[PDB]
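A.B. asks: Data: data23.cif, mmCIF, C-alpha atoms.
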data_input
#
loop_
_atom_site.label_atom_id
_atom_site.label_comp_id
_atom_site.auth_asym_id
_atom_site.auth_seq_id
_atom_site.Cartn_x
_atom_site.Cartn_y
_atom_site.Cartn_z
CA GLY A 485 9.05 18.28 13.75
CA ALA A 486 9.07 16.22 10.54
CA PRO A 487 8.52 16.94 6.78
CA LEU A 488 5.40 18.80 5.74
CA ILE A 489 5.69 18.43 1.96
CA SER A 490 4.33 15.21 0.45
CA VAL A 491 6.80 13.08 -1.50
CA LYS A 492 6.35 9.51 -2.77
CA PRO A 493 9.30 7.21 -2.11
CA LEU A 494 10.43 5.07 -5.07
CA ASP A 495 12.75 2.74 -3.12
CA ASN A 496 12.13 -0.74 -4.60
CA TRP A 497 12.41 -1.06 -8.35
CA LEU A 498 14.13 -2.92 -11.18
CA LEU A 499 16.28 -1.86 -14.05
CA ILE A 500 17.03 -4.75 -16.37
CA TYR A 501 19.73 -4.02 -18.90
CA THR A 502 22.49 -5.71 -20.91
CA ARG A 503 26.21 -5.23 -20.36
CA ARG A 504 26.83 -3.25 -23.58
CA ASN A 505 24.60 -0.46 -22.13
CA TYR A 506 26.07 -0.57 -18.63
CA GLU A 507 26.86 3.09 -18.68
CA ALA A 508 23.75 4.32 -20.39
CA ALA A 509 21.97 2.50 -17.54
CA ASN A 510 24.02 4.30 -14.89
CA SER A 511 23.48 7.65 -16.57
CA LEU A 512 19.75 7.04 -16.68
CA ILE A 513 19.73 6.51 -12.92
CA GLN A 514 21.62 9.79 -12.36
CA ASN A 515 19.42 11.72 -14.74
CA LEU A 516 16.27 10.43 -13.11
CA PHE A 517 17.76 11.48 -9.79
CA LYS A 518 17.88 15.06 -11.23
CA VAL A 519 14.33 15.40 -12.59
CA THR A 520 12.50 13.36 -9.97
CA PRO A 521 12.36 15.79 -7.04
CA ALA A 522 10.35 18.30 -9.12
CA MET A 523 7.68 15.57 -9.48
CA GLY A 524 7.14 14.82 -5.79
CA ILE A 525 9.19 11.62 -5.86
CA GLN A 526 12.08 10.52 -3.72
CA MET A 527 14.19 7.97 -5.58
CA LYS A 528 16.51 5.25 -4.31
CA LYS A 529 18.96 3.49 -6.64
CA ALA A 530 17.41 0.83 -8.91
CA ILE A 531 18.03 -2.81 -8.27
CA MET A 532 20.17 -3.43 -11.31
CA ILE A 533 19.90 -6.71 -13.20
CA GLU A 534 22.41 -7.47 -15.92
CA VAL A 535 21.21 -10.05 -18.45
CA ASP A 536 22.53 -11.54 -21.70
CA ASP A 537 21.12 -9.74 -24.70
CA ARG A 538 18.37 -12.22 -25.54
CA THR A 539 14.65 -12.24 -25.10
CA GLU A 540 14.61 -15.22 -22.78
CA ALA A 541 17.18 -13.80 -20.38
CA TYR A 542 15.03 -10.71 -19.92
CA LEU A 543 12.04 -12.91 -19.24
CA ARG A 544 13.87 -15.07 -16.71
CA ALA A 545 15.17 -12.03 -14.85
CA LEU A 546 11.54 -10.85 -14.75
CA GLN A 547 10.18 -14.14 -13.29
CA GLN A 548 12.92 -14.35 -10.70
CA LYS A 549 13.18 -10.75 -9.50
CA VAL A 550 9.71 -9.26 -9.68
CA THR A 551 8.11 -9.34 -6.18
CA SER A 552 5.13 -7.96 -4.26
CA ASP A 553 7.42 -5.09 -3.24
CA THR A 554 8.63 -4.12 -6.70
CA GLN A 555 7.14 -0.75 -7.58
CA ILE A 556 8.29 -0.14 -11.17
CA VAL A 557 10.17 -2.20 -13.76
CA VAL A 558 12.26 -0.70 -16.52
CA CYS A 559 13.67 -2.81 -19.32
CA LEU A 560 16.46 -1.14 -21.18
CA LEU A 561 16.96 -2.70 -24.60
CA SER A 562 20.07 -2.71 -26.72
CA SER A 563 18.03 -1.87 -29.77
CA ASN A 564 14.58 -1.17 -31.20
CA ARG A 565 14.78 -4.73 -32.67
CA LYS A 566 11.11 -5.34 -33.38
CA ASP A 567 10.86 -9.02 -32.33
CA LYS A 568 12.78 -8.66 -29.05
CA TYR A 569 10.90 -5.45 -28.17
CA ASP A 570 7.50 -7.03 -29.08
CA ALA A 571 8.13 -10.22 -27.09
CA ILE A 572 9.25 -8.43 -23.94
CA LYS A 573 6.35 -5.94 -24.27
CA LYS A 574 3.83 -8.71 -24.67
CA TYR A 575 5.05 -10.58 -21.64
CA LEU A 576 5.22 -7.49 -19.31
CA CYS A 577 1.84 -6.70 -20.47
CA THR A 578 0.26 -10.20 -19.98
CA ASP A 579 2.32 -11.76 -17.20
CA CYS A 580 3.86 -8.95 -15.18
CA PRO A 581 1.35 -7.24 -12.84
CA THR A 582 3.98 -4.70 -11.75
CA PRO A 583 3.81 -1.53 -13.89
CA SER A 584 6.60 -1.47 -16.45
CA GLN A 585 8.16 0.13 -19.52
CA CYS A 586 10.76 -0.52 -22.17
CA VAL A 587 13.35 1.99 -23.31
CA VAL A 588 15.72 1.85 -26.24
CA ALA A 589 19.26 2.85 -25.11
CA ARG A 590 19.81 4.91 -28.28
CA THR A 591 17.18 7.47 -27.39
CA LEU A 592 18.57 7.90 -23.88
CA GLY A 593 20.92 10.82 -24.84
CA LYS A 594 18.02 13.26 -24.93
CA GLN A 595 16.64 15.02 -21.88
CA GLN A 596 13.08 14.76 -23.35
CA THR A 597 13.45 10.96 -23.27
CA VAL A 598 14.47 11.17 -19.63
CA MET A 599 11.45 13.40 -18.82
CA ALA A 600 9.06 11.01 -20.58
CA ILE A 601 10.43 8.05 -18.61
CA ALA A 602 10.05 9.84 -15.29
CA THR A 603 6.59 11.02 -16.26
CA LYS A 604 5.54 7.45 -17.02
CA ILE A 605 6.92 6.39 -13.64
CA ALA A 606 5.06 9.22 -11.79
CA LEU A 607 1.96 7.89 -13.54
CA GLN A 608 2.47 4.31 -12.62
CA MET A 609 3.03 5.20 -8.95
CA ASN A 610 -0.71 5.97 -8.59
CA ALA B 486 -0.74 37.48 -29.08
CA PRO B 487 -1.85 35.17 -26.17
CA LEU B 488 1.12 34.80 -23.73
CA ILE B 489 0.13 31.89 -21.47
CA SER B 490 1.23 28.60 -23.04
CA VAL B 491 -1.35 25.69 -23.15
CA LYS B 492 -1.05 22.00 -24.35
CA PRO B 493 -3.65 21.49 -27.04
CA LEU B 494 -5.53 18.19 -26.93
CA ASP B 495 -7.23 18.37 -30.32
CA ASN B 496 -7.05 14.86 -31.80
CA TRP B 497 -8.24 12.03 -29.64
CA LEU B 498 -10.64 9.11 -29.51
CA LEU B 499 -13.46 8.15 -27.27
CA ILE B 500 -14.88 4.72 -28.04
CA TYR B 501 -18.17 3.91 -26.40
CA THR B 502 -21.34 1.97 -26.84
CA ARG B 503 -24.83 3.34 -27.48
CA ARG B 504 -26.20 2.55 -24.00
CA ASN B 505 -23.71 5.06 -22.45
CA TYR B 506 -24.12 7.70 -25.13
CA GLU B 507 -24.94 10.31 -22.52
CA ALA B 508 -22.43 9.27 -19.92
CA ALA B 509 -19.99 9.76 -22.74
CA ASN B 510 -21.18 13.30 -23.57
CA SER B 511 -21.09 14.20 -19.89
CA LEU B 512 -17.54 12.93 -19.61
CA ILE B 513 -16.46 15.26 -22.37
CA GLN B 514 -18.20 18.20 -20.67
CA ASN B 515 -16.67 17.45 -17.26
CA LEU B 516 -13.20 17.08 -18.76
CA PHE B 517 -13.74 20.47 -20.43
CA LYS B 518 -14.27 21.83 -16.82
CA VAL B 519 -11.19 20.32 -15.05
CA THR B 520 -8.72 20.47 -17.92
CA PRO B 521 -7.83 24.22 -18.06
CA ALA B 522 -6.38 24.04 -14.44
CA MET B 523 -3.94 21.49 -15.89
CA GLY B 524 -2.58 23.65 -18.75
CA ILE B 525 -4.53 21.72 -21.36
CA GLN B 526 -6.77 23.12 -24.08
CA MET B 527 -9.27 20.45 -25.08
CA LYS B 528 -11.20 19.99 -28.31
CA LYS B 529 -14.14 17.58 -28.48
CA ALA B 530 -13.20 13.86 -28.80
CA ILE B 531 -13.67 12.00 -32.04
CA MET B 532 -16.52 9.84 -30.88
CA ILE B 533 -16.82 6.29 -32.09
CA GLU B 534 -19.94 4.31 -31.35
CA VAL B 535 -19.49 0.53 -31.34
CA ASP B 536 -21.68 -2.49 -30.54
CA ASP B 537 -21.09 -3.76 -27.05
CA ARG B 538 -18.63 -6.58 -27.84
CA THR B 539 -14.91 -6.91 -27.38
CA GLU B 540 -14.23 -7.34 -31.09
CA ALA B 541 -16.11 -4.17 -32.06
CA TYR B 542 -13.84 -2.18 -29.74
CA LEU B 543 -10.78 -3.77 -31.35
CA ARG B 544 -11.91 -3.05 -34.93
CA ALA B 545 -12.61 0.59 -34.08
CA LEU B 546 -9.09 0.80 -32.62
CA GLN B 547 -7.48 -0.71 -35.76
CA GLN B 548 -9.42 1.57 -38.05
CA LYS B 549 -9.26 4.92 -36.22
CA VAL B 550 -5.96 5.10 -34.33
CA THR B 551 -3.49 7.18 -36.38
CA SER B 552 -0.13 8.85 -36.06
CA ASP B 553 -2.09 11.96 -35.04
CA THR B 554 -4.10 10.34 -32.27
CA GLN B 555 -3.00 11.80 -28.93
CA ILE B 556 -5.00 9.79 -26.37
CA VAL B 557 -7.55 6.92 -26.68
CA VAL B 558 -10.29 6.30 -24.14
CA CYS B 559 -12.46 3.24 -24.13
CA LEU B 560 -15.58 3.58 -22.08
CA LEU B 561 -17.05 0.26 -21.16
CA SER B 562 -20.62 -0.68 -20.34
CA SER B 563 -19.47 -2.75 -17.41
CA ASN B 564 -16.56 -3.96 -15.31
CA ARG B 565 -17.09 -7.31 -17.02
CA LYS B 566 -13.74 -8.93 -16.36
CA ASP B 567 -13.19 -10.71 -19.67
CA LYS B 568 -14.18 -7.75 -21.86
CA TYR B 569 -12.13 -5.33 -19.72
CA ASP B 570 -9.07 -7.63 -19.65
CA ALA B 571 -9.13 -8.32 -23.42
CA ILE B 572 -9.37 -4.66 -24.34
CA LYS B 573 -6.72 -3.66 -21.82
CA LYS B 574 -4.34 -6.37 -23.08
CA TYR B 575 -4.80 -5.44 -26.72
CA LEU B 576 -4.27 -1.70 -26.04
CA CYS B 577 -1.28 -2.56 -24.07
CA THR B 578 0.33 -4.89 -26.72
CA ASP B 579 -0.92 -3.49 -30.03
CA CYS B 580 -1.83 0.16 -29.51
CA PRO B 581 1.23 2.46 -29.30
CA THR B 582 -0.93 5.54 -28.59
CA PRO B 583 -1.46 6.05 -24.83
CA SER B 584 -4.88 4.90 -23.59
CA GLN B 585 -7.16 3.98 -20.71
CA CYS B 586 -10.37 2.16 -20.01
CA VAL B 587 -13.16 3.58 -17.92
CA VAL B 588 -16.23 1.79 -16.55
CA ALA B 589 -19.37 3.95 -17.11
CA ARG B 590 -20.73 3.14 -13.63
CA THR B 591 -17.94 5.07 -11.87
CA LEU B 592 -18.30 8.20 -14.03
CA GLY B 593 -20.87 9.30 -11.40
CA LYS B 594 -18.10 10.93 -9.27
CA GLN B 595 -15.95 14.07 -9.71
CA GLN B 596 -12.93 12.13 -8.36
CA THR B 597 -13.26 9.67 -11.25
CA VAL B 598 -13.22 12.59 -13.69
CA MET B 599 -10.12 14.07 -11.99
CA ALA B 600 -8.23 10.79 -12.12
CA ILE B 601 -8.95 10.35 -15.92
CA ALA B 602 -7.84 13.90 -16.60
CA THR B 603 -4.76 13.48 -14.46
CA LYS B 604 -3.82 10.32 -16.38
CA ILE B 605 -4.32 12.19 -19.71
CA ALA B 606 -2.15 15.18 -18.60
CA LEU B 607 0.47 12.59 -17.73
CA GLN B 608 0.13 10.65 -21.04
CA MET B 609 0.56 13.90 -22.97
CA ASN B 610 4.26 13.92 -21.96
CA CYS B 611 5.18 10.28 -22.91
CA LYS B 612 7.20 8.54 -25.73
#
Show how you would write the structure in this file as structure tokens.
C.D. replies:
Amino acid sequence: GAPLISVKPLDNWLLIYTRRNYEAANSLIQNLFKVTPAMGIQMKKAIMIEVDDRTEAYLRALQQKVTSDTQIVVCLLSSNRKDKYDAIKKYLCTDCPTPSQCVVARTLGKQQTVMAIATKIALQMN
Amino acid sequence: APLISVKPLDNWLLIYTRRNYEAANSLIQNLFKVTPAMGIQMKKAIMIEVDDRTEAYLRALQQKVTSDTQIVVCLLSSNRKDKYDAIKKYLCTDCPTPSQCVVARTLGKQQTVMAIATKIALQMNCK
């Protein structure tokens, strides 16, 4: 036979992060692996993009890596630094057609933060 | 004391223009119908009538969106690209509260209603 239960594969997506948060990025992938089956989603590993911690490096990585095939984009930020956050958000929102979201590394400890992120992804996949 | 847990949706905004006053009322009623199956207990939206121009939508947003606002829904007279794009962009850059735009025309389907409610159930779990 072959599966009967609907899943949605999340196989092509970007996680853009800065070296200081290398391990909070890895943990996020694992955690999302845990909560994602309950939501009808089958996850592959994110395409991971390490950038210098500056606005412009995030934006470059965006212009170079986002494709037709990219399903979701997640920008992990070192900090809730208003200007950096606002300038990435503005660009994703005007220039990036691919659904996206920003996350501040700090909040990542919490399992409610993880759930919210996955929820937003489930949402963007429709 | 009532044992089944429900997510109350008691503070939220519907911004619409006078021409779609009734399509707006209907949308509330219909959402009342399909929302209990999703674990949500709905109150009526705070309804905000605005003139049919981009800027009027944006003023309403700046004035009425609060810490308490759970969801924002902008119902548009038309799929007019510029108006739709400008409102979408602004919500997306300047409005932290989760939101969506709906074109009145499409409200004439129970699949449209389901999609909006689905999106809301989803937005009720976000940071």
A.B. asks: Identify all residues satisfying the PyMOL selection byres ((chain B) within 8 of (chain A)) in the given file; provide them as a PDB file with C-alpha atoms, in the coordinates of the input.
C.D. replies:
ATOM      1  CA  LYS B 574      -4.340  -6.370 -23.080  1.00  0.00           C
ATOM      2  CA  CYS B 577      -1.280  -2.560 -24.070  1.00  0.00           C
ATOM      3  CA  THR B 578       0.330  -4.890 -26.720  1.00  0.00           C
ATOM      4  CA  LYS B 604      -3.820  10.320 -16.380  1.00  0.00           C
ATOM      5  CA  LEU B 607       0.470  12.590 -17.730  1.00  0.00           C
ATOM      6  CA  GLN B 608       0.130  10.650 -21.040  1.00  0.00           C
ATOM      7  CA  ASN B 610       4.260  13.920 -21.960  1.00  0.00           C
ATOM      8  CA  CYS B 611       5.180  10.280 -22.910  1.00  0.00           C
ATOM      9  CA  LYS B 612       7.200   8.540 -25.730  1.00  0.00           C
TER      10      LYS B 612
END
A.B. asks: Rounded to one decimal in Å, what is the spacing between atom CA of residue A:545 and atom CA of residue A:500?
C.D. replies: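 Separation of atom CA of residue A:545 and atom CA of residue A:500: 7.7 Å.
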A.B. asks: Enclose all atoms of stretch 510-525 of chain B listed in the file in an axis-aligned box, grow every side by 5 Å, and hand back centre and edge lengths in Å to one decimal, as lines of an AutoDock Vina configuration file.
C.D. replies:
center_x = -11.9
center_y = 18.6
center_z = -19.0
size_x = 28.6
size_y = 21.3
size_z = 19.1
A.B. asks: Go through B:569, B:495, B:580, B:504 one by one, measure the shortest atom-to-atom distance of each to residue B:548 using all atoms listed in the file, and give the residue with the smallest value.
C.D. replies: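 When distances to residue B:548 are compared using all atoms listed in the file, the smallest one comes from B:580.
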A.B. asks: Carefully work through the PyMOL selection byres ((chain B and resi 498) around 6) for this structure and note down the residues it includes, as a list in words.
C.D. replies: residues 497, 499, 530, 531 and 557 of chain B
A.B. asks: Please list as a ChimeraX atom specification every residue within 7 Å of residue B:527, counting all atoms listed in the file and excluding residues in the same chain fewer than 3 positions away.
C.D. replies: /B:493-495,517
A.B. asks: Between atom CA of residue B:565 and atom CA of residue A:585, what is the distance, to one decimal in Å?
C.D. replies: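 Between these atoms lies a distance of 26.4 Å.
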A.B. asks: Can you tell me which residues surround residue A:508 at a distance of at most 10 Å, considering only C-alpha atoms, apart from same-chain residues fewer than 6 positions away, and format the answer as a VMD selection string?
C.D. replies: chain A and resid 501 514 560 589 to 590 592 to 593
A.B. asks: Just checking: using only C-alpha atoms, which residue out of A:595, A:519, A:551, A:562 ends up closest to residue A:535?
C.D. replies: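 Between A:595, A:519, A:551, A:562, the residue approaching residue A:535 most closely is A:562.
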A.B. asks: One decimal, in Å: what's the spacing between atom CA of residue B:553 and atom CA of residue B:585?
C.D. replies: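 Separation of atom CA of residue B:553 and atom CA of residue B:585: 17.2 Å.
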